[PDB]
Each structure stands twice: as C-alpha cells, then as structure tokens.
Amino acid sequence: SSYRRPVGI
Amino acid sequence: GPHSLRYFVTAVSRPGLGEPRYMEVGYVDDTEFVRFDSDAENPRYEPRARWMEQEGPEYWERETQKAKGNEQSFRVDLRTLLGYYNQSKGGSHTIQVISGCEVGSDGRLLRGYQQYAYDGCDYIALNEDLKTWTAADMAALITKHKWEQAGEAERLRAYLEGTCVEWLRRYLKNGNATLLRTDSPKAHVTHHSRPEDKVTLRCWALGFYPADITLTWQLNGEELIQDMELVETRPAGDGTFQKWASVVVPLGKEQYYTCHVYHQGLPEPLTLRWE
Amino acid sequence: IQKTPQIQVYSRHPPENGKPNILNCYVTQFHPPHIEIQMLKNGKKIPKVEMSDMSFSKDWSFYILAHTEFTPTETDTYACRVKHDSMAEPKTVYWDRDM
C-alpha cells in the first residue's frame with residue numbers, strides 16, 4: 001500500500 | 001533472497017486538453033502488481049497480477065480513495081511548481097515519484113527511498129539516513145524547508161520501516177510462488193557476411209525471464225571484451241525477454257569462438273558455437 | 001531537459017517467410033511521456049498497432065512497446081516511426097531480420 005504525502009511541494 | 005516494494009507515480013499537466021493525468025504503478029520485486037490511471041472513468045485501483053485478486057473489495061476501495069486523494073494533491077503540486085520556476089500555465093509538465101523499500105531475507109528494511117523529479121530531472125530525494133533531504137536546485141530548497149518544518153522525513157521513515165515493510169510481507173505471501181518463476185534462455189548462433197574475409201557470429205538468447213542476463217564471446221578461452229556488439233535486453237511481448245551479442249571474426253576461424261550465456265534459470269551456464 | 005527516444009524493431013519469434021508472427025517496436029529513454037509511434041509496411045502506416053501501457057525507469061525516462069501482427073516475406077519492408085518533441089524530425093528505424 002502506497003504512502004500518501006500530506007504536505008505539498 | 002531480498003525483496004522490494006516500489007510505487008512509480010506520474011502526474012502530467014495537460015492545459016486545455018483536460019485535468020492532469022495521475023498514474024500510479026506498484027511493483028513487487030521488479031514486477032508490476034497494481035496500477036491506477038486517472039484517465040479511465042470511474043478510475044479504480046486495479047490488480048495487475050492474478051495473485052492480487054486474493055485481496056478483496058475493501059482493499060481496492062481504500063486504495064482507489066487514496067489514489068484519487070493523491071491525484072488532487074498532485075494537481076496542486078503542479079501549480080506550485082509553475083510559481084517556483086516562473087513557468088506559464090500553458091505548457092505540459094511532469095512530476096514523478098519513486099517511493100519504496102528494500103528488505104532482506106529476514107524481512108527487515110535494508111533501504112528506503114522517496115525520490116521526486118520534475119520534467120524528468122531530479123528535484124528532491126530523501127537521504128539514506130531517512131532523516132535529511134537532497135534538493136537538486138533552488139526551487140527544491142523551498143520544498144526542503146517546508147518539508148523539514150512539517151516533519152515529512154519522520155513520516156516517511158515510519159512508513160518505510162513499518163507500513164511499507166509489512167505490506168511487502170503480505171503481498172509476497174500471495175505472490176511469492178508466482179514471483180519465483182524463472183524461464184531459462186534458449187540460445188543459438190547465427191552466421192552473417194562481412195566485407196572481404198570477415199564474418200559475424202551472433203549469439204541469441206530467447207524466451208527467458210527474468211530479464212537479467214549476460215552473454216559473452218570467448219576466443220579459445222579468453223573474453224572478447226574490446227568490441228562485441230549487443231542489443232539492450234528487450235521484451236518479446238509475451239512476458240519473456242531477448243538479447244543478442246555478436247563478434248566479427250576471420251572467415252575460416254568460426255570454430256575458434258564460443259558464446260556463453262549466464263542466467264538464474266540455468267542449472268549451469270550454456271556454451272555454444274556456430275553449427 | 002528532454003530525453004531522446006531509443007528504438008528497437010524486432011520480431012517476437014525468429015522470422016520465417018510465410019509464418020504469422022508479431023513485430024515489436026520498443027521505445028525507451030524518452031521524456032516527456034507524450035510520444036507518437038507508427039509502424040510501417042513498405043512505406044505505408046499499418047492500421048492495427050497495439051501499445052503497451054506506459055511505464056518509466058529509475059532514470060525517469062519512459063518506455064513503451066508497440067506491436068502488430070505480421071507475416072514476413074522475402075521482400076516486404078517494415079519500419080517503426082516515432083515522433084517526439086526531443087527530435088526536430090520523426091525517427092524511422094527499419095526491421096532487420098538478423099537483428
């Protein structure tokens with residue numbers, strides 16, 4: 001299950 | 001032996017042709033096992049190995065929701081990068097991400113990664129320490145400080161060391177038999193003309209899986225390193241791979257050369273010559 | 001920034017004149033992902049050409065397999081033509097049955 005980045009670039 | 005779980009993500013802006021396209025592809029070892037593409041309608045996280053169909057409707061629903069959530073995030077990210085690079089809203093741009101974990105035979109993490117690129121060039125990457133970042137340019141430095149301030153590396157370390165590793169275990173459980181498959185090369189030598197008193201011997205290896213393979217030519221027992229020609233290993237289109245390697249030799253001396261083929265599938269390496 | 005495509009054109013099985021087979025056009029090392037691939041028989045676009053899903057490598061570069069059914073003969077010529085923004089002009093690569 002893939003990671004979900006919660007902060008933007 | 002060792003194993004890996006990696007996700008390859010692409011977000012592509014398409015101004016005036018529609019919404020950004022979001023694509024996500026998961027690999028166990030180096031084998032695609034899931035895929036999401038935002039360009040189907042009612043896009044869904046989908047199994048790409050029959051053994052993943054063991055997972056059940058809840059898994060697939062949660063992965064779909066999470067992928068649509070990333071899709072939205074990536075739309076915002078694309079807009080941000082326009083600002084950083086003083087780029088117009090009219091062009092297409094690409095964000096790519098490689099995220100994953102390598103584990104040993106004991107199931108413990110050997111290395112984690114989370115690498116970003118923009119328009120095909122390194123942007124920012126999490127360091128091996130799983131604590132610090134390498135920014136590739138000034139724009140990336142803006143992201144580095146935002147991510148440091150937000151504790152992004154702590155988050156990733158936790159995911160990489162635990163979640164990712166635990167999911168790798170689970171998938172291996174259902175795929176390990178299929179993953180271990182191996183097709184040995186079948187090889188043969190062809191013979192072709194060259195100008196004047198020279199000929200080409202071409203050693204072919206066909207029908208093999210996985211792709212990793214070595215072909216060598218030897219004179220008498222001694223390797224022709226200086227100049228053999230080869231092709232990059234290539235898909236046959238049916239799950240197996242092809243490669244060849246050739247040398248130019250004197251007319252009349254063809255029997256002085258042997259080709260050797262090295263592959264995981266083989267009980268031992270193959271030794272061939274021209275008929 | 002942009003990466004120029006590399007192309008291999010080759011059959012799935014060793015070619016035998018008169019035997020049905022599959023012709024492959026394997027395109028790699030390109031960026032951006034948008035690309036246009038045609039396969040050609042004696043100078044003319046082949047209508048039914050299938051495309052694999054697109055993937056990318058640790059390089060960041062994309063790759064894709066185009067393929068089509070064909071029955072090779074002694075004198076028919078096949079090629080794969082690829083149009084991509086990294087190149088001023090489309091690149092055509094010819095099938096060599098010895099490669």
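Along the chain as shown, the residues are counted starting at 1.
So this one's X-ray crystallography, 2.0 Å, going by the header.
A Cβ is built for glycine as well, from the same backbone N, Cα and C atoms used for every other residue.
In Swiss-Prot this protein carries:
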DISULFID  B:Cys101-B:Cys164  disulfide bond
DISULFID  B:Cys203-B:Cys259  disulfide bond
DOMAIN    B:185-273  domain 'Ig-like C1-type'
CARBOHYD  B:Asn86  N-linked glycosylation site
CARBOHYD  B:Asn176  N-linked glycosylation site
REGION    B:1-90  region 'Alpha-1'
REGION    B:91-182  region 'Alpha-2'
REGION    B:183-274  region 'Alpha-3'
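Summarising the environment of B:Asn176 (N-linked glycosylation site), the number of other Cβ atoms within 10 Å of its Cβ, over all protein chains shown, is 13. The shortest Cα-Cα distance between B:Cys164 (disulfide bond) and any of the recorded positions B:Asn86, B:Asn176, B:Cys259 is the one to B:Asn176. Secondary structure of the region 'Alpha-3' (B:183-274) per DSSP (helix as H, G, I; strand as E, B; remaining residues coil): 3 helix, 51 strand, 38 coil.
Across the fold, the C-alpha of B:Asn86 (N-linked glycosylation site) and the C-alpha of B:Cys101 (disulfide bond) stand 34 Å from each other.
Secondary structure counts, DSSP: the region 'Alpha-1' (B:1-90) has 34 helix, 27 strand, 29 coil. On its own chain, B:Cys203 (disulfide bond) has B:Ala187, B:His188, B:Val189, B:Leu215, B:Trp217, B:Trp244, B:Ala245, B:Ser246, B:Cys259, B:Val261, B:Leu272 as residues at least 6 apart in sequence with a Cβ closer than 8 Å to its own Cβ.
Per-class residue totals from DSSP over the region 'Alpha-2' (B:91-182), listed helix then strand then coil: 40 helix, 29 strand, 23 coil.
Looking at B:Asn176 (N-linked glycosylation site) and B:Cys101 (disulfide bond), their Cα atoms lie 17 Å from each other.
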